[PDB]
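To start, the structure itself, in structure tokens.
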Protein chains: 4
Amino acid sequence: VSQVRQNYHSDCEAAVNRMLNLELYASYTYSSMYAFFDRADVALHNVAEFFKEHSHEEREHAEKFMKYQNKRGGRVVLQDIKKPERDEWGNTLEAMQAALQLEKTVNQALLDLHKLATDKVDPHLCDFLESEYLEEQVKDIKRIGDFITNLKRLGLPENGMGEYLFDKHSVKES
Amino acid sequence: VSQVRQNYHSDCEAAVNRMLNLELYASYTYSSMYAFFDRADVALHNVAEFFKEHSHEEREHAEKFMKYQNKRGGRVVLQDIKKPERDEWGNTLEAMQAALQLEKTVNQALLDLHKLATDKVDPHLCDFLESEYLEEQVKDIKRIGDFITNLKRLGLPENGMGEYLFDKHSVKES
Amino acid sequence: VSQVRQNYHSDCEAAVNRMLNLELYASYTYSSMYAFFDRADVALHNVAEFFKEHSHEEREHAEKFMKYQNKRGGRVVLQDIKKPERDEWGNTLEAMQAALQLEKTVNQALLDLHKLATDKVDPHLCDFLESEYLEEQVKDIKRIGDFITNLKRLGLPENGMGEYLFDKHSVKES
Amino acid sequence: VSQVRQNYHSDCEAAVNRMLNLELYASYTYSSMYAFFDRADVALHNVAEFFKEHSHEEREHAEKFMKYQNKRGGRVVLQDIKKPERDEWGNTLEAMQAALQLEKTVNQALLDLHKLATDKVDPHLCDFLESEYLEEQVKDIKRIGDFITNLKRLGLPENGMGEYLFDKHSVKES
Ligand SMILES: [Cl-]
Ligand SMILES: [Cl-]
Ligand SMILES: [Cl-]
Ligand SMILES: [Cl-]
Ligand SMILES: [Cl-]
Ligand SMILES: [Cl-]
Ligand SMILES: [Cl-]
Ligand SMILES: [Cl-]
Ligand SMILES: [Cl-]
Ligand SMILES: [Cl-]
Ligand SMILES: [Cl-]
Ligand SMILES: [Cl-]
Ligand SMILES: [Cl-]
Ligand SMILES: [Cl-]
Ligand SMILES: [Cl-]
Ligand SMILES: [Cl-]
Ligand SMILES: [Cl-]
Ligand SMILES: [Cl-]
Ligand SMILES: [Cl-]
Ligand SMILES: [Cl-]
Ligand SMILES: [Cl-]
Ligand SMILES: [Cl-]
Ligand SMILES: [Cl-]
Ligand SMILES: [Cl-]
Ligand SMILES: [Cl-]
Ligand SMILES: [Cl-]
Ligand SMILES: [Cl-]
Ligand SMILES: [Cl-]
Ligand SMILES: [Cl-]
Ligand SMILES: [Cl-]
Ligand SMILES: [Mg+2]
Ligand SMILES: [Mg+2]
Ligand SMILES: [Mg+2]
Ligand SMILES: [Mg+2]
Ligand SMILES: [Mg+2]
Ligand SMILES: [Mg+2]
Ligand SMILES: [Mg+2]
Ligand SMILES: [Mg+2]
Ligand SMILES: [Mg+2]
Ligand SMILES: [Mg+2]
Ligand SMILES: [Mg+2]
Ligand SMILES: [Mg+2]
Ligand SMILES: [Mg+2]
Ligand SMILES: [Mg+2]
Ligand SMILES: [Mg+2]
Ligand SMILES: [Mg+2]
Ligand SMILES: [Mg+2]
Ligand SMILES: [Mg+2]
Ligand SMILES: [Mg+2]
Ligand SMILES: [Mg+2]
Ligand SMILES: [Mg+2]
Ligand SMILES: [Mg+2]
Ligand SMILES: [Mg+2]
Ligand SMILES: [Mg+2]
């Protein structure tokens, strides 16, 4: 084993690699959403930029898992980054609904990794998840839930004027 | 077709999507190299950071293709991002040799896209490649060639002291 | 011939004069749109100012063709600047639809001039078009396409409130 | 018992006193390493200063345990601080190998205290260890592992020039 490795279970090492892949997958989905809302036949640029920023955030969270893996003496093992489930994202409501489900999927994987770290008595990995991931996850889920409620209030999907207004007022001007 | 689309061939649209995928593939390879040199049993951190920066550069070049696709009225279509060819990168010389070959692969795909844009009489796409890609490519290839020459001069792969010195002197201090 | 003239075909010289006239024609159309939206019975002043700015841009692009003609040793030959096709422009959607078609007309003439410069092996004229015209054209077409999509979303032409909101939010406050 | 004491097990109190002693022991070992590398017949002053700084860090971590003990209502009980295992430290590689083993010894004691705090359902003590100790420990272990890899690369112990270069380049200039 590595000279630095201490109290780091093989199972946790492997689950960290799977988490790295899932963050890369999430980043790629958000990039797809960015590309969709940037289209001339969609043209909701503040929404597009929101998703672009979330793609960059998820990529940074993947990089943090890489750094973590190495700090603990495990080995970063990469797999293919699967393309997103959809090629087009319908409208702001459909996209935000998909984003919510993606954030919950990532959150469940984080919570599952915390259970594993707990089972293997790894308090460093527990701390890492609690301090760097779990609360920012709860915030992102809350924000997207807030958005979905407002998009429904604005009459999505039918109400184009409501969709226009969300883009001007609910997401930061880009 | 899109209302914005003008003088944009289907073939070019598709080749732009393939180029986007290749830039994402290149970014992912550089990330792998970063992760390798960051290891406690490799520990060449300036080299690692060089590759990290090149991964971020390639990702930005992918994003530029997405934006381009939309500007011309084509449709961004994503595919899986294949994992890198190797899981470990040997040493600085082997990595830089792989980097050189990757940059030449990307350059050939850019040159092939320029031939296609020329065949389809698309001067906007030609300009884009010439102004945003081809010269920065030539610079990156030259830099990596310079590095390889210096790594050989320093006695790689056998000469560890030479590898240590390259990391301190040839790549920017991180 | 002029002492400065080198590698400049008569055909290209003449096509540059026609391009100068077309830019002046485009500027004049945008001025008409400005005047329409400035009316007390139309009164969409941010839209008006958008068109005014685009009129000034096209006039500057005409001036650039004049300067070019002289730099290459050709002779600027002016013709009448035809009045715009319409005297009134209906509403923001109709105007933007007309603007899109005008920008595409100008783009096709630029692309036709690039084909001619290519046929006559004039790389300076090719560069000029690529560096000063073709990309800014693609950007203007994309912007107007984005606008049209949003105007449709806002319920134009029937939805006056949507037209009001476009003027406040989609074009820069004047 | 103390008026402030709540949910603080006797066992944890005692283990905190043992941890305080171990941090003082670690500080004293690093001081010995400092003194060795400061010698005129060793004379690697940047290495010496690295160990001096780590001695001061460990002493501060001991002081933090004292403060903790009092905050929780336990009683600081001091024991002798045993002299280091060696009186001379061979060379930079031997010293760093000893440092790695010391950091792992301290880390295991921290992890053992976390297990005890977990057994006695003391989340405050768990937090304290996670927030103030465990991650900085992982960082120090990683740094020393990185160093050992570079010292081997530089040809230690035989290669004096490599040892000289490590002192100039790998540790901060003092
Ligand atoms: Cl290992
Ligand atoms: Cl282990
Ligand atoms: Cl294990
Ligand atoms: Cl990526
Ligand atoms: Cl789809
Ligand atoms: Cl967090
Ligand atoms: Cl909200
Ligand atoms: Cl509604
Ligand atoms: Cl199309
Ligand atoms: Cl077309
Ligand atoms: Cl086609
Ligand atoms: Cl491999
Ligand atoms: Cl370039
Ligand atoms: Cl060089
Ligand atoms: Cl050699
Ligand atoms: Cl002449
Ligand atoms: Cl001539
Ligand atoms: Cl001629
Ligand atoms: Cl005029
Ligand atoms: Cl009319
Ligand atoms: Cl341009
Ligand atoms: Cl827009
Ligand atoms: Cl409506
Ligand atoms: Cl007490
Ligand atoms: Cl108690
Ligand atoms: Cl007790
Ligand atoms: Cl001794
Ligand atoms: Cl810590
Ligand atoms: Cl290092
Ligand atoms: Cl040696
Ligand atoms: Mg394993
Ligand atoms: Mg598939
Ligand atoms: Mg927190
Ligand atoms: Mg977040
Ligand atoms: Mg997150
Ligand atoms: Mg409003
Ligand atoms: Mg097609
Ligand atoms: Mg495969
Ligand atoms: Mg050319
Ligand atoms: Mg250039
Ligand atoms: Mg470059
Ligand atoms: Mg490149
Ligand atoms: Mg003539
Ligand atoms: Mg007439
Ligand atoms: Mg040609
Ligand atoms: Mg340009
Ligand atoms: Mg323009
Ligand atoms: Mg133009
Ligand atoms: Mg007691
Ligand atoms: Mg004794
Ligand atoms: Mg915590
Ligand atoms: Mg912390
Ligand atoms: Mg520390
Ligand atoms: Mg410590």
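Following the order of the structure tokens, first chain is A, next is B, and so on, with residues numbered from 1 inside each chain and ligands from 1 in the order they appear.
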All residues 12 Å or closer to residue 82 (chain D), only C-alpha atoms, same chain fewer than 6 positions away omitted, as a short mmCIF file (atom, residue, chain, number, x, y, z; two decimals) with C-alpha atoms, in the first residue's frame:
data_model
loop_
_atom_site.label_atom_id
_atom_site.label_comp_id
_atom_site.auth_asym_id
_atom_site.auth_seq_id
_atom_site.Cartn_x
_atom_site.Cartn_y
_atom_site.Cartn_z
CA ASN D 21 1.34 14.38 26.38
CA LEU D 22 1.72 12.79 22.95
CA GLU D 23 1.56 16.19 21.22
CA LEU D 24 4.25 17.47 23.62
CA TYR D 25 6.33 14.36 22.85
CA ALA D 26 5.92 14.95 19.12
CA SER D 27 6.92 18.63 19.50
CA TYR D 28 10.06 17.57 21.36
CA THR D 29 11.04 15.07 18.64
#
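Around ligand 46, the neighbouring residues within 8 Å, taking only C-alpha atoms and all ligand atoms, come to residues 127, 128 and 131 of chain B; 130, 131, 132, 135 and 136 of chain C.
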Worksheet entry | Neighbour list for residue 83 (chain B) as JSON, numbers by chain, cut-off 9 Å, only C-alpha atoms, skip fewer than 3 positions in-chain | {"A": [78, 79, 80, 81], "B": [25, 28, 29, 32, 86, 87]}
Fill in: Site check for ligand 26: residues at most 9 Å away, only C-alpha atoms and all ligand atoms, as number ranges by chain
D: 7-13
Go through the chains and note each residue within 9 Å of ligand 47, using only C-alpha atoms and all ligand atoms, then give the set as a PDB file with C-alpha atoms, in the first residue's frame.
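Wrote result.pdb, looks like this:
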ATOM      1  CA  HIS C  54     -27.678  49.527 -35.699  1.00  0.00           C
ATOM      2  CA  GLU C  57     -23.101  50.611 -37.063  1.00  0.00           C
ATOM      3  CA  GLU C  58     -24.030  49.959 -40.705  1.00  0.00           C
ATOM      4  CA  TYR C 133     -17.455  41.547 -41.181  1.00  0.00           C
ATOM      5  CA  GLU C 135     -18.214  37.131 -37.372  1.00  0.00           C
ATOM      6  CA  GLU C 136     -19.918  40.330 -36.315  1.00  0.00           C
ATOM      7  CA  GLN C 137     -22.609  39.428 -38.852  1.00  0.00           C
ATOM      8  CA  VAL C 138     -23.103  35.979 -37.310  1.00  0.00           C
ATOM      9  CA  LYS C 139     -23.414  37.663 -33.884  1.00  0.00           C
ATOM     10  CA  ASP C 140     -26.017  40.156 -35.074  1.00  0.00           C
ATOM     11  CA  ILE C 141     -28.064  37.414 -36.749  1.00  0.00           C
TER      12      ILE C 141
END
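Near residue 96 (chain A), within 10 Å and counting only C-alpha atoms, sit residues 33, 47, 51, 89, 91, 92, 100, 101, 102, 144, 145, 147, 148 and 151 of chain A, not including residues fewer than 4 positions from it in the same chain.
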Worksheet entry | Which of region 29-160 of chain C DSSP labels alpha helix (DSSP H), written as JSON, numbers by chain | {"C": [29, 30, 31, 32, 33, 34, 35, 36, 37, 45, 46, 47, 48, 49, 50, 51, 52, 53, 54, 55, 56, 57, 58, 59, 60, 61, 62, 63, 64, 65, 66, 67, 68, 69, 70, 71, 72, 92, 93, 94, 95, 96, 97, 98, 99, 100, 101, 102, 103, 104, 105, 106, 107, 108, 109, 110, 111, 112, 113, 114, 115, 116, 117, 118, 119, 123, 124, 125, 126, 127, 128, 129, 135, 136, 137, 138, 139, 140, 141, 142, 143, 144, 145, 146, 147, 148, 149, 150, 151, 152, 153, 160]}
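Selecting chain D residues within 10 Å of chain B and counting only C-alpha atoms yields residues 141, 142, 143, 144, 145, 146, 147, 148, 149, 150, 151, 152, 153, 154, 155, 159, 161, 162, 165, 166, 169 and 170 of chain D.
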Let's have the selection written as a PDB file, in the first residue's frame, with C-alpha atoms.
ATOM      1  CA  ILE D 141       1.131  13.016   6.303  1.00  0.00           C
ATOM      2  CA  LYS D 142       0.612  13.713   2.581  1.00  0.00           C
ATOM      3  CA  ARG D 143       3.281  16.426   2.564  1.00  0.00           C
ATOM      4  CA  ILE D 144       5.870  14.225   4.238  1.00  0.00           C
ATOM      5  CA  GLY D 145       5.028  11.349   1.915  1.00  0.00           C
ATOM      6  CA  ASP D 146       5.525  13.681  -1.060  1.00  0.00           C
ATOM      7  CA  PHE D 147       8.920  14.682   0.433  1.00  0.00           C
ATOM      8  CA  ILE D 148      10.036  11.075   0.922  1.00  0.00           C
ATOM      9  CA  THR D 149       9.223  10.272  -2.703  1.00  0.00           C
ATOM     10  CA  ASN D 150      11.291  13.254  -3.838  1.00  0.00           C
ATOM     11  CA  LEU D 151      14.196  12.400  -1.556  1.00  0.00           C
ATOM     12  CA  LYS D 152      14.291   8.890  -3.022  1.00  0.00           C
ATOM     13  CA  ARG D 153      14.083  10.386  -6.527  1.00  0.00           C
ATOM     14  CA  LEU D 154      17.045  12.638  -5.621  1.00  0.00           C
ATOM     15  CA  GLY D 155      19.124   9.581  -4.746  1.00  0.00           C
ATOM     16  CA  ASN D 159      23.465  11.502  -3.322  1.00  0.00           C
ATOM     17  CA  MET D 161      23.885  16.893  -4.287  1.00  0.00           C
ATOM     18  CA  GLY D 162      20.316  15.627  -4.254  1.00  0.00           C
ATOM     19  CA  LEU D 165      18.878  20.473  -3.793  1.00  0.00           C
ATOM     20  CA  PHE D 166      15.924  19.230  -1.718  1.00  0.00           C
ATOM     21  CA  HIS D 169      13.797  23.689  -3.484  1.00  0.00           C
ATOM     22  CA  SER D 170      11.304  21.472  -1.580  1.00  0.00           C
TER      23      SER D 170
END
